[PDB]
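Before any questions on binding or motion, here is one chain by itself as structure tokens, the form deposited in one PDB entry.
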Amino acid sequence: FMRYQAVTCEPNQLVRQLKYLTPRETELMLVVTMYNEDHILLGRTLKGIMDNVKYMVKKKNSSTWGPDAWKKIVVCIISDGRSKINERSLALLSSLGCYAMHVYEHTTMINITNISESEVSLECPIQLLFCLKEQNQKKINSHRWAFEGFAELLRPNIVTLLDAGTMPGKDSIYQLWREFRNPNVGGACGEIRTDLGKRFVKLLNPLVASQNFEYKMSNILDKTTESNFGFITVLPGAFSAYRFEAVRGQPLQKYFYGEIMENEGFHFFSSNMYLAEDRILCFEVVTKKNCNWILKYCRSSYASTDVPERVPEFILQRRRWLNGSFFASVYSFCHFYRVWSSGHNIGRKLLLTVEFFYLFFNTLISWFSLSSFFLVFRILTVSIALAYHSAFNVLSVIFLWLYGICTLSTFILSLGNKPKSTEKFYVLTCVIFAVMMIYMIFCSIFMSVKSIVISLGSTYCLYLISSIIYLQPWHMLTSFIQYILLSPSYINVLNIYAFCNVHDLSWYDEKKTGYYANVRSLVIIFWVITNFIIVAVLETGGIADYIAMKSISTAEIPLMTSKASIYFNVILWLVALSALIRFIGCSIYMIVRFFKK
């Protein structure tokens, strides 16, 4: 029998698991967010999930799992908007027997075992729950339905979040479950790999090989470092898991409804916490009152994602990430004091205070990223031009003028225009920034051999020793940095478009838009002016004029200022310190895991 349920009231006022002779246990609930993904995309996740349940059922020596393991997993497919959905994937789900909200629950005895370039094969259990929405709402609404709703019907021990188009490994979800046997854990997630295509073909699209080294090394370094301390910045939306009893109560409330205490007028946080999504749950769980919850990252579980392969949609995607990380870090740091109001033991409290300071340190770096790249590029170019001379001086003003035209055009196109409409100019901007990176690397090697080299070798060797330690080093030659030429475009074209588009305006609603416009246009000017105060302490902005005039009072301006070398060696010292901290975190994670095992 196939059943169906049409939800009509919000989750707060709102499953088959509970509707059973013996109350089933949601030992793990996997939430599949699908907006308008291609049939192959959404099919990929469900295909990866099946194999996981197969492994969970054919195990022998386990008190929790076994031949009856299939009962205690529920897969919820939360679809966002019927109108925009692709009927191809719906036909796929109907072949499985699975096809203001709709609810479809069925038990599919058939498994999808083959997925070619265009054909998916079905042959002859999985408890599927296909939740279909009526009208498009932000993903936060889907999470609202997941947590305010079906959680309290199911009473999950664990809740796992998946995106359609993501590949849970052959054995990922079971390894993810094995983390919560330790009672002090609150959340866990799995490493995300990029789909480099059959025979590593997509490794061609320079972007698909720039996001590959950006996902591989992020999973190698940041997740392990954060999980050592106890609070992981982002449980990634692709593949993450929270214990329900941990998140239950205050964290759900302040993640959904915003900061409760609010007047009619808007304040900063209570009116700007939408930017950081699924990054507030971590904070409100780890620093809970009278609780000692920890966040861990599970290495033995992996999921391989799809990546956008053309520059416009790349920028549109990363603008969400940059704003989320900024607002979440600023909030969670500005409320670091309640870490000490929790139930953590004193050692845990000290560890979490240290780590929160570490994250705010990282965000303070990512805010000065724009000026840091400009001064690295500009001092690196002027240095070769002021020692090599030759075609470097013309290439210095040429690249400066190219950098200026591209950057000014990036502000103007971000503020006034849209990315899809000017595609070839972005491709040219990325190529210009890539040849700028080639020029900076050329200057690096040339100046080094004719004489920074210690620090560059040290950071690359830390990368390599950590990458091999993680047992995934092939990426470091899979084009990686060779295709990381997109990095210049990571620092400038993505940040500019991110902060120039903080709030994603679409002109109670009008006053809301006006206030958001003012906050947007004010964070932009603070970004620009603070970065330029750093830049001007190069001594731009009439500061060199001022010093020259003072000297005249008792001359002419110099071209280079030690402040650039101090700011040049501080930047490298600082990035080497960050790499060293992350490598130490990964090494401790590995030693602990291997010793325990």
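Residue positions are given as counts along the sequence shown, with the first one as 1. Superpose the two forms; the largest set of C-alphas matching within 1.5 Å is the rigid core.
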| property | result |
| --- | --- |
| Missing coords for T554 in a third or more of other PDB entries | yes |
| Flanks modelled, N263 absent in at least a third of other entries | yes |
| Unmodelled deposited residues flanked by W507 on one side and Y508 on the other | 10 or more |
| Residues with no coordinates between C124 and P125, taken from the deposited sequence as a class | 4 to 9 |
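Beyond the structure shown, there is the form deposited in another entry, which is absent from this document and is the topic of what follows.
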| item | value |
| --- | --- |
| Shifted position (C-alpha, 2 Å or more, core held fixed) between the shown form and the other one, chosen from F377, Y497, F283, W177 | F377 |
| Core-aligned C-alpha movement of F399 between the shown form and the other one, 2 Å or more | yes |
| Core-aligned C-alpha movement of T45 between the shown form and the other one, 2 Å or more | no |
| Core-superposed C-alpha of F526 shifting 2 Å or more between the shown form and the other one | no |
